[PDB]
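Here's the structure, in structure tokens; my notes come after.
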2 protein chains.
Amino acid sequence: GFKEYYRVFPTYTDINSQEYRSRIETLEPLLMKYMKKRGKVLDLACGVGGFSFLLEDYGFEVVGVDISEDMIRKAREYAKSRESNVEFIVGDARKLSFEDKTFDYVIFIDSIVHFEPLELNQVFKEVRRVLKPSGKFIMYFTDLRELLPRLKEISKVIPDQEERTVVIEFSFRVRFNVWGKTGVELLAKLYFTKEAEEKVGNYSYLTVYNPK
Amino acid sequence: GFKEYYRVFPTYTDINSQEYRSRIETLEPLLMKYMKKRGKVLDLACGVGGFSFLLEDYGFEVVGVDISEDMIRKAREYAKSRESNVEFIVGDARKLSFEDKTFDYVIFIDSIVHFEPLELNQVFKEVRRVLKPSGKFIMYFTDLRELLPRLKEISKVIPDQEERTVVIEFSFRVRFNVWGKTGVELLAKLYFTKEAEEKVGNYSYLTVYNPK
Ligand SMILES: C[S@@+](CC[C@H](N)C(=O)[O-])C[C@H]1O[C@@H](n2cnc3c(N)ncnc32)[C@H](O)[C@@H]1O
Ligand SMILES: C[S@@+](CC[C@H](N)C(=O)[O-])C[C@H]1O[C@@H](n2cnc3c(N)ncnc32)[C@H](O)[C@@H]1O
């Protein structure tokens, strides 16, 4: 994803839009089904902080991290207007500065399109490291490899599996890293054992992982 | 720059890395602001061809040239996987084999650290020659002379302005030719008149030149 893509759509940047709320209310019940015990949570690639505020209201100590200065800037204003104590930090999910075993939870939502294989490998490694052995890694992603076929329902869809990426034209174009449930889980198997898994929609998944 | 430096960092060798994409998306809008009319483009010192594919998708006839056999080899594989018609050739920017007035555009991005004064002089001369009088020379460079002071934020930085070079240690060391906006433009004034100039970041510049 990129600058224009996010400026144009509210789904990941406008916490009060119907698009964003829809995402929250869909995941909310699933997140509570596996986050009964409160603790320290890390919102990796938090965007504008929507899921952070949600967890903070459920009695969680939240820390939000994102690589975009713009995402973080908006996050803070939202935290200000909502009088939130969630701390937002501009950081790289591929290399976090937190100490080892710092979190009880680490949530990673709708963000894999931003990582190629070797980068997602680094993120998983970092997640396992900053997670307490008793902690939980919870991620939600879309099998865009399976969705690719009938994705157009957007003017064009130019794939390239010889690279695992795809260009979608809406004008402007965006190139996404394409992931399939089998590819995500393979890399996950190097660092975690799966606690649970929920199928969302036609091709989305909420997975609960425990660090090794 | 050199072999290890490029093998270690993805910025100029991994077209799908976040580092490389960041560079593309930052320059993309600026390149279109001065490349409204499509035509024949020469990507001088193209590296792995990232900016070539970008222009090719915008409807440009692209030719990529680089002195490294390795850069060119990877470029071709990327072109294959992306099913691109961009032709990559292993050549020397200091002495191109193209006929005079062959291109409408010649882009030169993040590559001056590789040229000492007399070499960059030869490149500019060659660029003017292969460029159509109505063509445009577009280069992006970093004033590493101004950046030198606060570059460390890398273990060491050993300059040597009595030579216009600097050694940066990350292990391994790399020696870069150091250029300042004033030095680059001086040599440019011998062959071109400037059409436009955009300041990028704290000390980087995108310059548009017209041949004399
Ligand atoms: C779909 S968006 C927002 C996702 C957010 N978790 C949500 O559900 O609202 C994906 C975010 O990933 C972030 N991102 C991309 N690469 C990153 C990296 N290396 N480290 C941290 N965040 C990154 C972007 O800045 C972008 O805000
Ligand atoms: C930072 S790198 C890649 C730059 C590329 N334009 C990009 O932005 O992705 C600089 C490139 O300059 C090339 N180079 C160095 N000397 C050269 C010469 N005399 N002729 C052509 N390319 C040269 C290298 O092989 C190296 O790939």
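Here, A, B, ... name the chains of the structure tokens in the order displayed, residue numbers run from 1 inside each chain, and ligands are numbered from 1 in the same displayed order.
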Find the spatial neighbours of residue A:207, counting only C-alpha atoms, within a cut-off of 8 Å - ignore same-chain residues fewer than 4 positions away - and output them as an MDAnalysis selection string.
-> chainID A and resid 138:140 194:198
* Near-ligand residues for ligand 1, threshold 9 Å, only C-alpha atoms and all ligand atoms, as a VMD selection string -> (chain A and resid 1 to 2 6 11 to 13 15 20 23 to 24 43 to 52 65 to 72 90 to 96 107 to 115 119 to 120 123 140) or (chain B and resid 18)
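The two atoms in question, atom CA of residue A:74 and atom CA of residue A:7, are spaced 12.1 Å apart.
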Using only C-alpha atoms, tabulate the residues of chain B lying at most 7 Å from any atom of chain A, each with its closest atom pair and that distance in Å to one decimal, by chain and increasing residue number, as a tab-separated table.
```
residue	atom	partner	partner_atom	distance
B:16	CA	A:116	CA	6.8
B:17	CA	A:116	CA	6.7
B:81	CA	A:162	CA	5.1
B:82	CA	A:160	CA	6.2
```
Dump of N, CA and C atoms for the selected residues, as a compact mmCIF listing (two decimals), in the first residue's frame:
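Ended up saving to again.txt:
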```txt
# COMPACT_ATOMS: atom_id res chain seq x y z
N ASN B 16 11.38 -4.93 -4.44
CA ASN B 16 10.17 -5.14 -3.65
C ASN B 16 10.32 -4.81 -2.16
N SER B 17 11.51 -4.38 -1.75
CA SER B 17 11.73 -4.02 -0.36
C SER B 17 11.02 -2.70 -0.06
N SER B 81 9.98 -11.55 -14.62
CA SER B 81 8.88 -11.77 -13.69
C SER B 81 7.76 -10.75 -13.84
N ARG B 82 8.11 -9.53 -14.25
CA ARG B 82 7.10 -8.50 -14.43
C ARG B 82 6.65 -8.42 -15.88
```
Could you pull out all residues of stretch 1-211 of chain A with a DSSP call of strand (DSSP E or B) and give them as an MDAnalysis selection string?
chainID A and resid 40:44 61:66 87:90 92 95 103:109 131:142 156:160 165:169 173:177 192:200 204:211
How about saving the chosen residues, C-alpha atoms kept, as an mmCIF file, in the first residue's frame?
```
data_model
loop_
_atom_site.group_PDB
_atom_site.id
_atom_site.type_symbol
_atom_site.label_atom_id
_atom_site.label_comp_id
_atom_site.auth_asym_id
_atom_site.auth_seq_id
_atom_site.Cartn_x
_atom_site.Cartn_y
_atom_site.Cartn_z
ATOM 1 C CA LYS A 40 0.572 -5.147 28.046
ATOM 2 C CA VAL A 41 -0.341 -4.977 24.348
ATOM 3 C CA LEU A 42 1.714 -3.959 21.312
ATOM 4 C CA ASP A 43 -0.218 -2.703 18.271
ATOM 5 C CA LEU A 44 2.339 -3.407 15.537
ATOM 6 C CA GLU A 61 -2.041 -1.114 28.661
ATOM 7 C CA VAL A 62 -1.451 -0.193 25.013
ATOM 8 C CA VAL A 63 1.553 0.791 22.921
ATOM 9 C CA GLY A 64 1.117 1.587 19.238
ATOM 10 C CA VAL A 65 3.954 1.426 16.711
ATOM 11 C CA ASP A 66 3.926 2.425 13.016
ATOM 12 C CA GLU A 87 1.537 5.816 23.646
ATOM 13 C CA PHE A 88 2.270 5.971 19.934
ATOM 14 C CA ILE A 89 5.809 5.542 18.671
ATOM 15 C CA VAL A 90 7.218 5.807 15.163
ATOM 16 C CA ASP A 92 9.858 -0.338 12.306
ATOM 17 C CA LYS A 95 13.340 -4.125 14.087
ATOM 18 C CA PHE A 103 4.552 -7.827 25.951
ATOM 19 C CA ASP A 104 1.655 -10.092 26.897
ATOM 20 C CA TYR A 105 0.030 -9.448 23.512
ATOM 21 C CA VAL A 106 1.032 -8.201 20.088
ATOM 22 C CA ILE A 107 -1.708 -7.539 17.545
ATOM 23 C CA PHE A 108 -0.977 -7.261 13.828
ATOM 24 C CA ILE A 109 -3.979 -6.333 11.685
ATOM 25 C CA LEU A 131 6.617 -11.316 23.461
ATOM 26 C CA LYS A 132 6.608 -12.963 26.889
ATOM 27 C CA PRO A 133 6.734 -16.769 26.624
ATOM 28 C CA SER A 134 3.229 -16.737 28.137
ATOM 29 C CA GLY A 135 2.140 -14.037 25.695
ATOM 30 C CA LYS A 136 0.045 -14.208 22.542
ATOM 31 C CA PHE A 137 0.610 -13.057 18.955
ATOM 32 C CA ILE A 138 -2.724 -12.275 17.294
ATOM 33 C CA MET A 139 -2.854 -11.402 13.602
ATOM 34 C CA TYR A 140 -5.594 -10.857 11.048
ATOM 35 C CA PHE A 141 -4.841 -11.059 7.355
ATOM 36 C CA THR A 142 -6.471 -11.673 4.024
ATOM 37 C CA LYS A 156 -7.160 -3.228 -13.579
ATOM 38 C CA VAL A 157 -5.437 -6.084 -11.724
ATOM 39 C CA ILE A 158 -1.916 -6.975 -12.846
ATOM 40 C CA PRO A 159 -0.508 -9.888 -10.888
ATOM 41 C CA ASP A 160 2.929 -11.398 -10.929
ATOM 42 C CA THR A 165 3.060 -9.122 -5.927
ATOM 43 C CA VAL A 166 0.182 -7.440 -7.722
ATOM 44 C CA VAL A 167 -0.657 -4.036 -9.163
ATOM 45 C CA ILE A 168 -4.213 -2.791 -8.699
ATOM 46 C CA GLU A 169 -5.337 0.327 -10.554
ATOM 47 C CA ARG A 173 -1.726 2.379 -8.976
ATOM 48 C CA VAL A 174 -0.638 0.416 -5.921
ATOM 49 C CA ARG A 175 1.570 -2.671 -5.680
ATOM 50 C CA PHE A 176 0.749 -5.116 -2.873
ATOM 51 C CA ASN A 177 2.776 -8.077 -1.613
ATOM 52 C CA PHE A 192 5.131 -19.942 16.854
ATOM 53 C CA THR A 193 2.683 -22.749 17.549
ATOM 54 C CA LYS A 194 -0.945 -21.898 16.839
ATOM 55 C CA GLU A 195 -3.387 -21.599 19.718
ATOM 56 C CA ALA A 196 -6.519 -20.957 17.631
ATOM 57 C CA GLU A 197 -7.801 -19.806 14.239
ATOM 58 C CA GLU A 198 -11.019 -18.098 13.146
ATOM 59 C CA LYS A 199 -12.171 -17.831 9.536
ATOM 60 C CA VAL A 200 -13.510 -14.350 8.750
ATOM 61 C CA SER A 204 -9.733 -13.765 5.897
ATOM 62 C CA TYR A 205 -8.261 -15.246 9.070
ATOM 63 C CA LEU A 206 -7.746 -14.308 12.695
ATOM 64 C CA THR A 207 -4.927 -16.436 14.096
ATOM 65 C CA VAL A 208 -3.735 -16.802 17.688
ATOM 66 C CA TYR A 209 -0.072 -17.763 18.147
ATOM 67 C CA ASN A 210 2.118 -18.657 21.127
ATOM 68 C CA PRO A 211 5.897 -17.970 20.994
#
```
**Message:** To test your reading of the structure, identify every residue in chain A that backbone DSSP assigns to helix (DSSP H, G or I), and report it as an MDAnalysis selection string.
**Reply:** chainID A and resid 3:8 18:33 50:57 69:81 112:114 117:130 144:150 181:188
**OP:** Within 7 Å of residue A:180, counting only C-alpha atoms, which residues show up once you throw out same-chain ones fewer than 2 positions away? Write them as a ChimeraX atom specification, please.
**Re:** /A:143-146,178,182-184
